[PDB]
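Report on the structure
Below are the chains, spelled out letter by letter.
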Amino acid sequence: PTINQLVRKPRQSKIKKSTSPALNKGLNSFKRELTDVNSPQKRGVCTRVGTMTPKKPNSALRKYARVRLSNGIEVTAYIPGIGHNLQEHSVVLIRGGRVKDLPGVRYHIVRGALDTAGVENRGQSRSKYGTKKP
Amino acid sequence: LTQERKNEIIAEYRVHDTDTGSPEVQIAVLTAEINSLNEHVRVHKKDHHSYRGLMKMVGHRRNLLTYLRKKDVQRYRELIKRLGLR
RNA sequence: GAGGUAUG
RNA sequence: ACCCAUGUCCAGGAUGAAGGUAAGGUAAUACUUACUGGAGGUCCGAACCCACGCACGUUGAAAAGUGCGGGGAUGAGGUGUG
RNA sequence: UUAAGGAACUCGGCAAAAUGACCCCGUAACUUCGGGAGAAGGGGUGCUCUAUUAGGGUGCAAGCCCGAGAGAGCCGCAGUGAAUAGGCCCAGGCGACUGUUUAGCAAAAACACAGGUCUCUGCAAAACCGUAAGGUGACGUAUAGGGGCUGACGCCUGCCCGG
RNA sequence: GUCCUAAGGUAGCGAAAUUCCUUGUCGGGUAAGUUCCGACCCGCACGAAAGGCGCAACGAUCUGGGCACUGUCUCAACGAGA
RNA sequence: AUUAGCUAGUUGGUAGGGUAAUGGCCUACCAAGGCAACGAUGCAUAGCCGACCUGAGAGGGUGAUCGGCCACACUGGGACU
RNA sequence: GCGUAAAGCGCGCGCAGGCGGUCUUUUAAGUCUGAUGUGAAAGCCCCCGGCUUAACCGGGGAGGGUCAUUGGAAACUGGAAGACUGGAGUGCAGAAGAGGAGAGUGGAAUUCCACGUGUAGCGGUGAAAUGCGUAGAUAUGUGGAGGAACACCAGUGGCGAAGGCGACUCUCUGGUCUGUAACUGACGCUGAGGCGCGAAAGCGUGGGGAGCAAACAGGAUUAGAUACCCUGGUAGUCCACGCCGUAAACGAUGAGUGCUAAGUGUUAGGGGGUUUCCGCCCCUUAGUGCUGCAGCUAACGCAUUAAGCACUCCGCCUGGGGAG
RNA sequence: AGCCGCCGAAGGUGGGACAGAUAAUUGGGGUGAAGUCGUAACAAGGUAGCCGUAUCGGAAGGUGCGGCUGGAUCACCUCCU
Ligand SMILES: [K+]
Ligand SMILES: [K+]
Ligand SMILES: [K+]
Ligand SMILES: [K+]
Ligand SMILES: [Mg+2]
Ligand SMILES: [Mg+2]
Ligand SMILES: [Mg+2]
Ligand SMILES: [Mg+2]
Ligand SMILES: [Mg+2]
Ligand SMILES: [Mg+2]
Ligand SMILES: [Mg+2]
Ligand SMILES: [Mg+2]
Ligand SMILES: [Mg+2]
Ligand SMILES: [Mg+2]
Ligand SMILES: [Mg+2]
Ligand SMILES: [Mg+2]
Ligand SMILES: [Mg+2]
Ligand SMILES: [Mg+2]
Ligand SMILES: [Mg+2]
Ligand SMILES: [Mg+2]
Ligand SMILES: [Mg+2]
Ligand SMILES: [Mg+2]
Ligand SMILES: [Mg+2]
Ligand SMILES: [Mg+2]
Ligand SMILES: [Mg+2]
Ligand SMILES: [Mg+2]
Ligand SMILES: [Mg+2]
Ligand SMILES: [Mg+2]
Ligand SMILES: [Mg+2]
Ligand SMILES: [Mg+2]
Ligand SMILES: [Mg+2]
Ligand SMILES: [Mg+2]
Ligand SMILES: [Mg+2]
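Residues numbered from 1 in each chain as written, not as in the entry; some residues may be left out. Chains lettered and ligands numbered in written order. Part of a larger assembly, values for the part shown. Heavy atoms only, no water.

What the entry reports as its method is cryo-EM, with 2.9 Å given for the resolution.

Printed below as a string of structure tokens:
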């Protein structure tokens, strides 16, 4: 462009989207108005639990839970690891992370933080999946 | 616009006896031409190709007129009442 | 070399 | 009831169409603002005409009215004479 | 005229009450850009002095009428002090409208309306009245006249000709 | 796919001035709503000049709700006149 | 600018009063200016800076802790001392 | 960065702004420069020291401002006063042109009407059939009516900002190029926001409507055929006026200026050598096309009509889709 | 002291504007190992494709009007190497 063009309008960079929009919103009951606050993790209440058929190429059933977070946003969270404790009205803690197999999931459930009891029988990567040392 | 009439209207407003390329002369001849073309358009309203050249004459006239205004303002305030502008 | 005139 | 010819009636106020003039504006038109103008099965509202509601009357003051409100009221108007 | 309440009445707010006049501020959705609109919602109105008033009208002038704001005050519950003089808003169906109608139970969503469309008619038109003459039509002439249907405006009006 | 047809209802609208069942269902409004508004569509039995759908202004039109106002009422009392 | 007009003590002036002090700070009278596409007006956002993190640097993001300044003490207004 | 990948408004007229030919003087708005003052401490940076080193802490210095005042330079930008002409324009002499609007006009040729001659087919297809035809066609001749478009010329030829413009004549008009150096003397380039124009389709009102023809009907086709195909055929197409303002609106290539090898056609001009004009040759201007050197490009390819080398201005792009 | 006046926060009333949440219902969008009807495009994609527009149609899409080549095979014409 010409310099006069660049002065009449300077540049404008790209509008960045977050991987994790719902972690980046807080709530106050008083105002009843969402408040932008960068957050790593949120807790919620499992509305629904179920299985998913993932994309091509894959075919295994994937465990998800539809959660209502603390801030009121309804979110689908993958339940990683072998087996789980969860059911309806179960409280859950939620971190970000995208299940590439599965279309509508963008977040994971931290395993071992709350009523998400740790995985059974696991020995390796225990800090993930939330088993104590035996 | 005929040659004889053109010669008349250049020689009767020429600043001096040699001159036929002054802004006085050009602005005058343009006012003749644009008035004849205003008549032409009021008759043949949809000859937009003619209306193009009309607006080019008007633009050139305004250009000369601004230059004259910047150059000597007395020439300007003379010509406007001598010709019928504004 | 160019221009124109049924399914998997 | 409809019509024919001929007459006559409609207090007062309001709104402000077209058009026109002028200033601005233009290359010239547009166009804007003001003023003027006086249009309308226009508005408000008496007379005039009608008859929406209610009440009273209902061997009525009256064989269809009275009272309180109501609609139109320059028009597809009302009315007179023949 | 009525305590308190205020549509609980009732087929139904029937009736009644309330609003009401001049000026000023301000005024929505929608709109066929004209309207809606007096929308709504609110304020002020009396008398006295400044006042033969600022200013206007008239007149040869004297004089005679209209009376603009403002201040400064006065009195009352209340100042268009009486009488006369819109209740408003939201939503919807129907009919566009003004108008007409069952004199004497129905005023309407019915009739008409402008507009659309079909159809007929060549002029001694067609259609109508009448036995006929004679007339209307029309002292007109298919951009006119008669009949049928529809019923402003906007977007549209589909298929079927066997009967 | 097949019968019948002259051809089988288009748009638009739709428990409708039309919807029986039917106080249909859902939503709204109300403490409570067979009425009301908006949507749905199994349109008993809408539908395109017996016009369809829509629509500003208009209306003594019909309908539902609200503010104000009130002897309509709770529940009647007084006064005046005929 | 998917916000273009805004302002009416608003702009200037003559007088007057007021503050510790200049000034429409306020009052009265006169004129009708003034600002604005060099983005006024309006909406949303935000305390500002030193500085912090990053980056070859230009620059990008932040304004915890430390220091400076500003603002506010349940919300609003007002004065006294 | 925008030919083909995303990206040049469809094109113009032009207010504002940005940018601006050569020379002299004047200034010092911008620029450059010496001095003074300040830009706190802490923090970054450098140099020392201290905590068993480190982290940390201390001392000192440095840096940092489109900072301000004051004093100097005039090269460039800007302001001012003059002068000049290669830009820009007027004049003068010529040349081309389907540039546009209006009015009128011509004959081919499709259809239709009438009349003769005239007898059983015509039409169409891959085959057909629907359809027209003994109430007489098809064709053939004559005459008449109606409208729409304009063969040859006609050509990568002309003009136009683009859309686009082809039969002829007249009127009214626009723009272009060539030559001159007469005249003015930078008057200019672009151009947001505005204003207008703007294929075909389409919309409103009123005409016209011959052909072609969406829709639609019938006949075939097909598994089916809401299509290709046939026969018919309404809107439209045409005109006047006014809206609509889109396009594979495309050279998919913004306007302007200058510079950087050639070869060759073609158009409109000019200049000169030769020759009886004619004719050939060369030089040059503005266009339009072909092929190619450098150079650029991812390549294809562009190549004095750059997609090269540079400057000014505008518009636009920032992964696909959603989503125009 | 009291009283009267000016300014004056909150409050009340009123109608508009602005921003958001929600809503019977509705619209299209997208995603989703193996469902459905057809085959519109890619080659001449079997009617050449595509742009705009109108209309029609279960759906892709078709037809008309104009426009482009981002058009395959065959032809004469211009032009070049
Ligand atoms: K229903
Ligand atoms: K002030
Ligand atoms: K038409
Ligand atoms: K083209
Ligand atoms: Mg296949
Ligand atoms: Mg009237
Ligand atoms: Mg009335
Ligand atoms: Mg009465
Ligand atoms: Mg009246
Ligand atoms: Mg009488
Ligand atoms: Mg009589
Ligand atoms: Mg009472
Ligand atoms: Mg009481
Ligand atoms: Mg009740
Ligand atoms: Mg009861
Ligand atoms: Mg009543
Ligand atoms: Mg009526
Ligand atoms: Mg009666
Ligand atoms: Mg009655
Ligand atoms: Mg009629
Ligand atoms: Mg007779
Ligand atoms: Mg009727
Ligand atoms: Mg009822
Ligand atoms: Mg019909
Ligand atoms: Mg009436
Ligand atoms: Mg804040
Ligand atoms: Mg970098
Ligand atoms: Mg592209
Ligand atoms: Mg420091
Ligand atoms: Mg057209
Ligand atoms: Mg195909
Ligand atoms: Mg194909
Ligand atoms: Mg078709």
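With that settled, consider helix α2 (residues 23-43) of chain B. Residue and element names in this part refer to chain B. Taking 1.5 Å per residue as the helical rise, α2 with its 21 residues ought to reach 30 Å, and the 30 Å between its terminal C-alpha atoms agrees with that figure. Among the residues of α2, those classed as buried are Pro23, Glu24, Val25, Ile27, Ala28, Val29, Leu30, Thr31, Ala32, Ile34, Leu37 and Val41. Lining the buried residues of α2 we find α1 (3-11), α3 (48-71) and α4 (73-83). (Helix = DSSP H or I, 4+ residues; strand = E, 2+ residues; numbered from the N terminus. Expected span 1.5 Å × (residues − 1). Buried < 20%, exposed > 50% of the residue type's maximum accessible area, 1.4 Å probe, protein only. Contact = heavy atoms within 4.5 Å.)

All names here are of chain A. Considering all chains together, one arrives at six salt bridges over all chains under this definition. For the salt bridge of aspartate 101 with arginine 62, the shortest nitrogen-to-oxygen distance reads 2.7 Å. Separated by 39 residues along the polypeptide, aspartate 101 in the loop between β6 (91-96) and β7 (107-109) and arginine 62 in strand β4 (residues 62-69) bring together distant segments of the chain. As a salt-bridge pair, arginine 66 and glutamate 74 come within 3.5 Å of each other at their nearest N and O atoms. A residue is classified by how much of its surface remains accessible, and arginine 66, at 25% relative accessible area, is partly exposed. (Salt bridge = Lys/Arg side-chain N within 4 Å of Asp/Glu carboxyl O.)

Attention now moves to the pairing of strand β3 (residues 42-52) of chain A. All names here are of chain A. Relative to β6, β3 runs antiparallel, the two being bridged by four bridges. Paired with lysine 42 across the two strands is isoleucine 94, which belongs to β6. Looking at chain direction, β3 and β4 are connected through eight bridges and run antiparallel. Within β4, the residue paired with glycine 44 across the bridge is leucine 69. (Pairing = 2+ DSSP bridges.)

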